[PDB]
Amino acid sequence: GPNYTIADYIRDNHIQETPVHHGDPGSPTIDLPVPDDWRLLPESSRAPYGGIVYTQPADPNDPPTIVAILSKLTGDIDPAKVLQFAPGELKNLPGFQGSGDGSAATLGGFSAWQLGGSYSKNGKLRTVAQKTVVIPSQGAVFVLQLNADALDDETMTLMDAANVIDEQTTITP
């Protein structure tokens, strides 16, 4: 879309991006909680750094989910620029409408950005949110993204899970 994204920032600079998996040497330990009535998703193509799925969806083929992605950035990387461009991806979604560009936050003592809103997919309104955490460590900048998605009517289910994550996540470089 017309908004500059983290993907664009990496593509446009001398920055190498590597996917990161649980237990990789050199990687931060990220302890994300599993809220009650949610279930852990192992790492997979659909949930690169794992995720959680709600166990009482109104539609079993479209349940509330929060998926994690962890990337390792090396090279000519500025951590504050990653936060500056975090809004771009959601803002390019079809029909996205949110409260501004989001806001600054923290997770586990590291700087983060969070934004949320609604978008229309296949004529259905969905709630989406993304928290991006920048974790400078060991000659690199790790970027954690937490991607939340649910049908509009289950917005409050997503919000509850996000509270648990914000309260209880630890990050250890």
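So that there is no doubt, residue numbering starts at 1 and follows the sequence shown.
Visitor: Is the mean CA B factor in the deposited entry higher across 159-167 or across 146-154?
Guide: Result of the comparison: 159-167.
Visitor: Compare the mean C-alpha B-factor of 78-86 with that of 95-103 as given in the PDB entry, and name the stretch with the higher value.
Guide: It is 95-103.
Visitor: In this PDB entry, which of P28, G50, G117, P35 has the top CA B-factor?
Guide: Largest recorded C-alpha B-factor: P35.
Visitor: Sorting by Cα B-factor within the chain, modelled residues only, which third would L41 end up in: lowest, middle or highest?
Guide: For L41, whose C-alpha B-factor we compare with every modelled residue in the chain, the answer is the middle third.
Visitor: Could you say whether, by C-alpha temperature factor, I66 belongs to the lowest, middle or highest third of its chain?
Guide: As the PDB entry reports it, the C-alpha B-factor of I66 lands in the lowest third of its chain.
Visitor: Compared with the other modelled residues in the chain, in which third is the CA B-factor of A58?
Guide: Tercile = highest for this residue's CA B-factor.
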